[PDB]
Structures are given as structure tokens and as C-alpha cells.
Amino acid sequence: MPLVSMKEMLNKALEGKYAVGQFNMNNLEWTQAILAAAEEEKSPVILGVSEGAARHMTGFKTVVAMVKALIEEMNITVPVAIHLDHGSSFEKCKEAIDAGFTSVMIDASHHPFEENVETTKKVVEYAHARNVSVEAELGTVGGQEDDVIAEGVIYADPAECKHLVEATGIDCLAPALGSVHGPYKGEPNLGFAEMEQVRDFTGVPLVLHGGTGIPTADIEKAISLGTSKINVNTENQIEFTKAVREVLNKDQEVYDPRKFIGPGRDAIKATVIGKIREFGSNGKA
């Protein structure tokens, strides 16, 4: 079975009022976990790859080679996309595409609107010609940075959302509305009113970043307001490392890596299964 873009799975999800989880890939065991979770739950799944993570894994080509081999050899039957997360530029998106990515996000939300539109439109030209899905962003997703206002959150402007989607033809849009990458300082403060307006006026699947720490009620609400893709990364790292700590603290002698990395991989699998069910994509393959 071959890889697919995110087009079909996200449209099906929007119509079905559930979301497809993107879970970020970090290495080989991370990927086995995510795919195993998706297979067991009979759910579509998106493998997110940041440029940083791609470097950790040598590059886009190693990433694609490894995913393809795993799909074949694990017998994965469910829809899988490989999506470049927070693509820096046209050139990065093109490289990921040529390497065999089936989806890319061009994130130019930190640039002036008109530059964002221009860059994004260009990425879309190249991607759609190759049956690659595209995500873009408006507003700023929060983070763990120092000396920022409100964790660095800047709400998307629904009017710009409308214009950018109309001008570029992206397949999905991330309107940053309170998402923070990594843990939230307090309870997330998601702009559901703004989201409702972005849903009204774009008509495309929306993407909700910074999934770790967003309580179930906010997840259901976001989905009910047009969110069809939700990204989780931090939570997998947290659970992976908790399981690795447990093993290393209880047995001070062990050095066989699979004795601590295995339980960590299992922890990730169970974490992804939980989020899959929470998002409503189980049985939707």
C-alpha cells in the first residue's frame, strides 16, 4: 500500500465531525509506535516531521525510506501521510516533496500577510501539481520561549484567513488561536469565537496545533467548530521519557537499550491510541 496526502482523510474527517491526529516522528521506534497505534485502531494517521526532527534523522530521504519500509514490513493498511511540519520556506517544502513527502505545511505566519500569501501560493503551485496536500498558518502558535507576552500567542485574523485561503487554495489552515507548543502555563485560552468565524469564512479543514495539554472539552469543541487535524508531539516525549526513567531507576545495572526504549515505545503507542480515540478517528480508515 502507498502513502497518501492529507486531502481525502481531512475532508472525510470534516464531514464526519472528527479529527485526524498528527503525531510527530522522532526516530525509528517513534514511527513503529505511531503506525502500530494507527493500525490497531484502524485510523488514518499523519506523521509529522519538523525540519529539526528530519535533521535528527539525517534528512527527508532517510525519513521517507524508513516510513515506506515500515509500512510494507509491518503490513500497515490504514491511510498514512507524511507531512512537513512548520516548513521554513518554499525551498524546504520543495525538498521534502521531491524526497517523497505527501504533504507539507508552509509556515510563513511570522512574515507580513502579503508575503505569507505569496510564498504559500507558490508552495501550493508546486505541491498540487504533484498531488501533495498543503497546510499554511496565520497567527502565532505559542511556545516555551523566554520573555514573551502570553506564551508568544498571537491570534489569527479571520478576515486574513478568508483572504489567504481564497488566494492560495491551501487544503487546510492552522489559525493560531491559543495553541501553545509544549505544556500550557495555565488552562489553554482558545479563541473559539474566532475559530467559529474562521470555520464560517474559509470552509476548509482547520488545524489545531499544540495538542499536548489541551483538555478533552477543548478538543471536542474545536472539532465541533471545524478542526479536522490536531497535532500532538510533547505528550509522546513526556510518556516515552517517564517509562525510560522508570526502567533505569528500578534497575541500575541494565544497559541493553531495548529494555528501556521498548517500554518507552510501548508508552508512546498507548498514548497515540488514546489520542486517536479522543479525536474520533478510530474505525475511520
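The first residue of the sequence shown is number 1, and the count goes up from there.
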Practice task
Going by the average Cα B-factor in the PDB entry, point out whether 250-258 or 24-32 comes out higher.
Solution key: 250-258
Practice task
Please work out which of 186-194 and 136-144 has the higher mean CA B-factor as recorded in the PDB entry.
Solution key: 186-194
Handout entry: Top residue by Cα temperature factor, when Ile154, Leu208, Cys93, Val204 are compared in the entry
Key = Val204
Practice task
Kindly indicate the residue among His83, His181, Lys162, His86 with the greatest C-alpha B-factor in the PDB record.
Solution key: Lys162
Practice task
Quick one: classify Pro44 as lowest, middle or highest third of the chain based on its Cα B-factor.
Solution key: lowest
Handout entry: Position of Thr102 among the chain's modelled residues by C-alpha B-factor, lowest, middle or highest third
Key = middle
Completion exercise
Split the chain's modelled residues into thirds by Cα B-factor; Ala53 lands in the lowest
Fill in the blank from the handout: Chain-relative C-alpha B factor for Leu10 (record values, thirds): the highest
Practice task
Compare the C-alpha B factor of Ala129 with those of the other modelled residues in its chain, then answer lowest, middle or highest third.
Solution key: highest
